[PDB]
Amino acid sequence: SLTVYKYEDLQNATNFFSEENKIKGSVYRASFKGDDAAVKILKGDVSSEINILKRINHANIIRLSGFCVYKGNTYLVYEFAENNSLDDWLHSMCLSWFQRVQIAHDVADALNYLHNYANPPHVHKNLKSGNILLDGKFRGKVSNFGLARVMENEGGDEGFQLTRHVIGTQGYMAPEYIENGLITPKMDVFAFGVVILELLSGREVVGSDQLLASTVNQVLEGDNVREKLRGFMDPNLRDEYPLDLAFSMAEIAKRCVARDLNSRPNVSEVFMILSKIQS
Ligand SMILES: Nc1ncnc2c1ncn2[C@@H]1O[C@H](COP(=O)(O)OP(=O)(O)NP(=O)(O)O)[C@@H](O)[C@H]1O
């Protein structure tokens, strides 16, 4: 039943939605009850979707405190994630090697829960650096896994950024989806592969137009792999990383970004890999 909220308490926490808003028009910061939160405004009663998706709770998934339906709109209150999104940090203090490995581990931990032990399993479909939030200890918190996906919303929209949805599509989406709409948990594995590549290189998923998911193959192929990998590594790490474990992590990302979905590993395997190379 989560926690039923009175719309009043939401107005006061958000200063009556007084450009206390985070970037997203529907995303506001609510300061109240000591622990801060984030309020997302959604059109129409989406209560039915919550009663299904509310099954998904995990330490590394953005937690839903509750919801409120007021005058034809649904206001959802999530745990506030200070330090914003991984994209902000990778494309802007800099995340150390330890932190980058921790974040990859939390995401693999959440993807492992979603694909196997969520009752029933659920495919994310929208795993991106911008959706992976961080908390005060820079731990991962997956977010836009439902109802915020482009065509998952029952109430369609025309306040839509086409060029932006398409940029993320080419950089994160697996080929079997772009070509046939084939939706399997392997598409999350492909996306998760690109995230790791972002964590290792800090590069844009689509650079200035080469995709970050095709460069890892050239970096690990042929000869002089050590030198090509050093150059691939994020400069901001400044040698403060074990090149051995970086190559290993880059290897598990290449398998994740393979074109054949059945060749890709299950996230459960990636979760076991990241846990053994962790501190
Ligand atoms: N629970 C939360 N805690 C803190 N910040 C949040 C939370 N949910 C969303 N945000 C912020 O709200 C913005 C994104 O809102 P969102 O509804 O996810 O749309 P979005 O634009 O698709 N996400 P993004 O990929 O980062 O641009 C980002 O600046 C996030 O940091």
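These residue numbers run from 1 along each chain by written sequence and may not equal the entry numbers. Residues without coordinates are not shown. Water and hydrogen atoms were dropped before computing side-chain values, which therefore reflect all heavy atoms in the structure.

Caption draft 1: Examining the packing of aromatic side chains more closely. Ring geometry is summarised as follows: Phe, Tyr and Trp rings, the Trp one being its six-membered ring, pair when their centres sit within 6.5 Å, and such pairs are stacked at plane angles under 30 degrees, edge-to-face over 60 and tilted between the two. Applying the stated criterion to the full structure yields eight aromatic pairs. Look at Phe17 and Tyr28: their rings are 4.9 Å apart centre to centre, the planes differ by 85 degrees, and that puts the pair in the edge-to-face class. One end of the pair, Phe17, is in the loop between α1 (7–13) and β1 (27–30); the other, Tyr28, is in strand β1, with eleven residues separating them in the sequence. Considered together, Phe17 and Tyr28 belong to a single accessibility category, that of buried residues. Centre to centre, the rings of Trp97 and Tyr241 are 6.1 Å apart; their planes meet at 40 degrees, and the pair counts as tilted. Exposure classes here rest on a 1.4 Å probe applied to the protein chains alone. A residue is buried below 20% of its type maximum, exposed above 50%, and partly exposed in between. On the basis of relative accessible area, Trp97 is assigned to the buried category, the value being 11%. A relative accessible area of 13% places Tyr241 in the buried class. Taken together, the ring pairs in this structure connect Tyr7, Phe17, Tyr28, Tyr70 and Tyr75 into an aromatic cluster. Secondary structure elements are taken from DSSP: a helix is a run of H or I of four residues or more, a strand is a run of E of two residues or more, and numbering for both begins at the N terminus.

Caption draft 2: A look at the domain arrangement of the protein. According to the domain assignment, the protein consists of domain 1 (7–79) and domain 2 (86–276). Note on definitions: a residue-residue contact is assigned when non-hydrogen atoms from the two residues lie within 4.5 Å. Contacts between the two partners involve twelve residues from domain 1, matched on the other side by 18 residues from domain 2. Summed over both partners, buried area is the accessible surface (1.4 Å probe) that two parts give up on being assembled. Counting the surface domain 1 buries against domain 2, the share from its top three residues, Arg55, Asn60 and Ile62, is 42%. Whenever a carboxyl oxygen of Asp or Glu lies within 4 Å of a side-chain nitrogen of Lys or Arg, that contact is scored as a salt bridge. In this structure, the salt-bridge partner of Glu79 is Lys141, at a minimum N-O distance of 3.3 Å. Here a polar contact is taken to be a pair of N or O atoms separated by no more than 3.5 Å, where protein atoms must pair a possible hydrogen donor with a possible acceptor and residues adjacent in sequence count only if both atoms sit in side chains. The interface formed by domain 1 and domain 2 holds eleven residue pairs in polar contact in total. Domain segmentation is taken from an automatic or database assignment of domains.

Caption draft 3: Representation of helix α11 (residues 267–276) within the structure. Among the residues making up α11, those that are buried are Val267, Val270, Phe271 and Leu274. In an axial view of α11, the angular spread of the buried residues amounts to 105 degrees, which keeps them on one side of the axis. Buried-residue contacts for α11 involve α4 (97–117), α7 (185–201) and α10 (243–256). By definition, the arc is the one covered by directions from the helix axis to the C-beta atoms.

Caption draft 4: Region of interest: the sheet that holds strand β2 (residues 37–43). Here, strands pair whenever DSSP counts at least two bridges between them. With respect to topology, four strands assemble into an open sheet ordered β1-β2-β4-β3, the strand pairing being antiparallel. Bordering the open sheet on either side are β1 and β3 (64–70), each of which pairs with just one other strand. In this sheet, neighbouring strand axes are inclined to one another by 25 degrees on average, regardless of whether the strands run parallel or antiparallel. Both β3 and strand β4 (residues 73–79) contribute to a ladder of six bridges, which runs antiparallel. Each bridged residue has a counterpart across the sheet, and for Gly66 the counterpart in β4 is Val77. Helix axes are fitted only over the stretch in contact, all axes being lines through C-alpha atoms; the angle between N-to-C directions runs from 0 to 180 degrees.

Caption draft 5: Up close: the environment of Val69. Along the chain, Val69 turns up in strand β3. With 62 residues separating them along the chain, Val69 and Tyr7 place their C-alpha atoms 8.0 Å apart. If we ignore the near neighbours within four places in the chain, the residues touching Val69 are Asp45 and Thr74.

Caption draft 6: Looking closely at unusual backbone geometry. At the junction of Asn119 and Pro120, the peptide bond is cis and its omega measures out at 0 degrees in the coordinates. Along the chain, the position of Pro120 falls in the loop between α4 and β5 (133–134). We note that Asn83 has phi near 85 degrees; this positive angle belongs to a residue other than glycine.

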